[PDB]
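As a plain string of letters, each chain reads:
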Amino acid sequence: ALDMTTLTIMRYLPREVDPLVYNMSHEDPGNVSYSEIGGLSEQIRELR
Amino acid sequence: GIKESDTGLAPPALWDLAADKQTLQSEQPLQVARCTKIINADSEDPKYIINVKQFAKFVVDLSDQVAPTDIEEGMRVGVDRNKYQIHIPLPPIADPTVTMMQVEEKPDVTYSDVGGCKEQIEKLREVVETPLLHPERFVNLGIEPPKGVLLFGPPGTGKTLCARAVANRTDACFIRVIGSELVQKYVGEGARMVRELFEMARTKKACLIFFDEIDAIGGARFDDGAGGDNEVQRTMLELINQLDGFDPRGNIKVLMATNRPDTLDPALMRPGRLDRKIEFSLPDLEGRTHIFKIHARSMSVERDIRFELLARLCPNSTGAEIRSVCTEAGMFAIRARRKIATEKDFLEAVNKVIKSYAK
Amino acid sequence: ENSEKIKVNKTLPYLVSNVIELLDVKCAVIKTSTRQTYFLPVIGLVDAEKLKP
Amino acid sequence: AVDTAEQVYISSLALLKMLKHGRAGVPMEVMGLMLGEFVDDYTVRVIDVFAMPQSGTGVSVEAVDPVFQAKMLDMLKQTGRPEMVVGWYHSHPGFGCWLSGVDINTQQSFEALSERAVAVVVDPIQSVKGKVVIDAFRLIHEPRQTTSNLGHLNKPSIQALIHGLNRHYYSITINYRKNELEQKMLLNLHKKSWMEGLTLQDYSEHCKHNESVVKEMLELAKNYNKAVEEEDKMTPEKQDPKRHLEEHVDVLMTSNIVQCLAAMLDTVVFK
Ligand SMILES: Nc1ncnc2c1ncn2[C@@H]1O[C@H](COP(=O)(O)OP(=O)(O)O)[C@@H](O)[C@H]1O
Ligand SMILES: [Zn+2]
């Protein structure tokens, strides 16, 4: 981000943008736990 | 000498004085933007959204010379150069293509222009003409006056013209539409065109709207096509399902027509879309005689014609071909350079179809 | 006087823009309807919780 | 005499408020007032300048808060500044010194105020890096000129002439009231201190500076063997070896001699 007047660099910023990726990163799944899975055991454990 | 390059300008006695100079130095020119979304926190400091195309969008307000009583959604507004406050609501645009569907006034057609099918146009008028001009029998006997009917008859013959005669005697603004005018390379908007059409008709002092080839519009969904020229499936129900009938209809009269009724969606067939259905055929002998009676007015001829025999020399045939044959007797006069048409011209002009179109 | 300065410096017509995310070193990013892009070290007359990037 | 090409004097003390206010309001045409005196028909001098806060109307007559200025003048005359307001100023960032439709009406009030009030325009963003862009204007053929003073000045610039004397307003030549006291005071801002002048920089950085030119001198030495080899007396092209050798020589020698001299002086002073 740069000055409007002299355009000299006022600050660096965290790289990149986009509200869509925010919406992809700010949705909540709710409260879940591995015990609240229907005993897929092996499967769940493999994913762990 | 130097050549002018199409610069215009009027002679001196027709311009200037101090008026033009004062007007230019005094009045601010107005840029044009589209309107949106009256913010309307409490309806005394409303504010609005505007869009200057390719440039920006702004939140703005009105100049107190104009009031929210004149501002709506879109509304084509005009503002000044620097503070962009609303100075004028601009008049509507002729772009929405409604103009090319317009007839806009009493058509040059009467209830005798119909070629013999006066029976059908009369049963039509029972359901559109009668329940606007003679409402003394509908709602008292129970039902709100109907407003819309369909037609189907011979190949592209006379069908539309009935609507024109009705709209003439109804004293109604007339609009006529084909499926093509609900279609563009830009999609989705094709459905929105019917919405625009009904709204712009209701901005008129009540209007009569007619559709042709309603088979191509009122035809139901075809899933097994798996694509293709698929715009129909996006647009057609917005006619069929947003269309209103005798009950749910505002101050509008509607008429349908197509040569092929077998494919039409029952939703169009059922009420809320249609209040009557009418069938036609190839003009009967009385009809064919009456069409030539009508067209005897359409030219200058040696008016001793045996139209009674001409209509019989025509076997099962249309009435559009009757018009074509009358103009073909005109062709007979032209090829002979004759100042008037004659019965022989009519006879061999009829045979032009009857022989060469059926040899 | 703080409120009346702020009121008289709302300026009445103003641009519209699309919100982009915030940062702490509180300060947000904005894309104009003129497709210009800007960074505000201070968001302004709206609190943080009114916002959705 | 009805006023002529004339002259305007501005104090240096007034000037710095002209720029500081302008560079403060980089998004807006910020404005303020000048105190001075129409000392005579030949010139007007301005001493002291006070900017005033924002008005949502921008540059205008209603931008002037009568309550603020009256007490601001009241405070100023109490603390020794009884001068009246002889003119008003506002910033024009991004475009030169000229008067817009609002400005001419704004100034037209000021002439209607007393007799000959003058406006001042500052463009603080292109007034940078030693360049200054300031001019004074007044509304109404300017009365009979009696000296070549305005003939000396550049004629109204095109970016101002497009809105120039056709709007029956004209420039007044700027001038500065700086004095020997202010001159050396401002000079003392950048005047070198003794330890600053005796700083020996950095010997390792000096070698870095020395290499930064000696390596280049190797190329120009090769390039000098190109200018001398094209002695066919061809068309003019100074470039490549000829000049750039001499400037780089100048900086290189003065760098080494001063560093060694100060170190030599340092060797003598401190024992
Ligand atoms: N017997 C007739 N009387 C009047 N007009 C006719 C007749 N036969 C055909 N027409 C013509 O038909 C045209 C439009 O009606 P039509 O094409 O039948 O509508 P649709 O497209 O619904 O079939 C008009 O231009 C009219 O000149
Ligand atoms: Zn100005």
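Residues numbered from 1 in each chain as written, not as in the entry; some residues may be left out. Chains lettered and ligands numbered in written order. Part of a larger assembly, values for the part shown. Heavy atoms only, no water.

K.L.:
Help me understand the sheet that holds strand β4 (residues 77-79) of chain B, please; the structure alone is not making it clear to me.
P.N.:
Within a beta sheet, neighbouring strands are joined by backbone hydrogen bonds and run either parallel or antiparallel to one another. With antiparallel pairing, six strands are arranged side by side in an open sheet as β5(B)-β4(B)-β1(B)-β2(B)-β3(B)-β1(C). Looking at strand neighbours, the two that pair on one side only are β5 (86-89) of chain B together with β1 (14-15) of chain C, the edges of this open sheet. Here three bridges tie strand β1 (residues 31-36) of chain B to strand β2 (residues 48-52) of chain B, and the two strands are oriented antiparallel to one another. Bridging across to β2 of chain B, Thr36 of chain B finds its partner in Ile49 of chain B. (Pairing = 2+ DSSP bridges. Helix = DSSP H or I, 4+ residues; strand = E, 2+ residues; numbered from the N terminus.)

K.L.:
Can you help me understand the packing of aromatic side chains in this one?
P.N.:
One pair of aromatic rings is described through two measures. These are the centre distance and the angle between the planes. Under the criterion given, the structure shown has eight aromatic pairs over all chains. Between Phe174 of chain B and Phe210 of chain B, the ring centres sit 6.3 Å apart and the planes meet at 25°, which makes this aromatic pair stacked. In this pair, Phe174 of chain B sits in strand β7 (residues 173-177) while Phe210 of chain B sits in strand β8 (residues 207-211), placing the two residues 36 residues apart along the sequence. Classification of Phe210 of chain B as buried rests on a relative accessible area of 2%. Ring centres 5.2 Å apart and planes at 85° place the aromatic pair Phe137 of chain D and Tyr169 of chain D in the edge-to-face group. Neither residue differs from the other here; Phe137 of chain D and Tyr169 of chain D are each classed as buried. Among the aromatic side chains, those forming a connected cluster through ring pairs are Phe292, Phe307 and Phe346 of chain B. A cation over an aromatic ring shows up here: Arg335 of chain B above the ring of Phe332 of chain B, its NZ or CZ 4.3 Å from the ring centre. Lying across the ring of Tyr9 of chain D, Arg45 of chain D places its NZ or CZ 5.3 Å from the centre. (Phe/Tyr/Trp six-rings, centres within 6.5 Å; stacked < 30°, edge-to-face > 60°. Buried < 20%, exposed > 50% of the residue type's maximum accessible area, 1.4 Å probe, protein only. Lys NZ or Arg CZ within 6 Å of the ring centre and 35° of its normal.)

K.L.:
Help me understand the coordination of the zinc ion (ligand 2), please; the structure alone is not making it clear to me.
P.N.:
Tetrahedral coordination by four donors puts the ideal angle at the metal at 109.5 degrees, and octahedral coordination by six puts it at 90 or 180 degrees. Residues and elements named next belong to chain D. In this structure, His90 (NE2), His92 (NE2), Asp103 (OD) and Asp103 (OD) serve as the protein donors to the zinc ion (ligand 2), at separations of 2.0 to 2.3 Å. Around the zinc ion (ligand 2) sit four donor atoms, and with donor-metal-donor angles ranging over 54 to 131° the site reads as irregular. Sequence positions of the donors to the zinc ion (ligand 2) reduce to the motif H-x1-H-x10-D. Pair check on accessibility: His90 and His92 agree, each one buried. (Donors = N, O, S within 2.8 Å, 3.2 Å for Na, K, Ca; no water. Tetrahedral: all angles 85-135°; square planar, octahedral: opposite > 155°, others 65-115°.)

K.L.:
I'm lost on the interface of chain B and chain C in this one. Help?
P.N.:
Where the parts come together, the accessible area they lose is often given as the size of the interface. Listed by partner, the interface residues are nine residues for chain B and eight residues for chain C. Remark: the boundary between chain B and chain C carries zero salt bridges. Put simply, chain B and chain C have four residue pairs in polar contact between them. Counting residues per element, the side of chain B that touches chain C draws most heavily on strand β3 (residues 56-60) of chain B, at five residues. The residue makeup of the side of chain B that touches chain C, split by class, is six nonpolar, one polar and two charged. Relative to β1 of chain C, β3 of chain B runs antiparallel, the two being bridged by two bridges. (Contact = heavy atoms within 4.5 Å. Salt bridge = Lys/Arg side-chain N within 4 Å of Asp/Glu carboxyl O. Polar contact = N/O pair within 3.5 Å; in protein donor to acceptor, adjacent residues only side chain to side chain. Nonpolar A, V, L, I, M, F, W, Y, C, P; charged D, E, K, R; others polar.)

K.L.:
Please clarify how the side chain of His206 of chain D should be interpreted in this entry.
P.N.:
Residue and element names in this part refer to chain D. By the secondary structure assignment, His206 is in helix α8 (residues 203-227). With relative accessibility at 6%, the residue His206 sits in the buried group. Setting aside chain neighbours within four positions, we find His206 in contact with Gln201, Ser255, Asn256 and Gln259.

K.L.:
What should I look at first to understand helix α13 (residues 343-354) of chain B in this one?
P.N.:
Residues separated by three or four positions in an α-helix point in the same direction, a consequence of the helix having 3.6 residues per turn. Counted at 1.5 Å a residue, the expected span for α13 of chain B with its 12 residues is 16 Å, and the 16 Å between its end C-alpha atoms agrees. Three or more residues of α13 of chain B are buried, namely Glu343, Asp345, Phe346, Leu347, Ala349, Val350, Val353 and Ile354 of chain B. (Expected span 1.5 Å × (residues − 1).)

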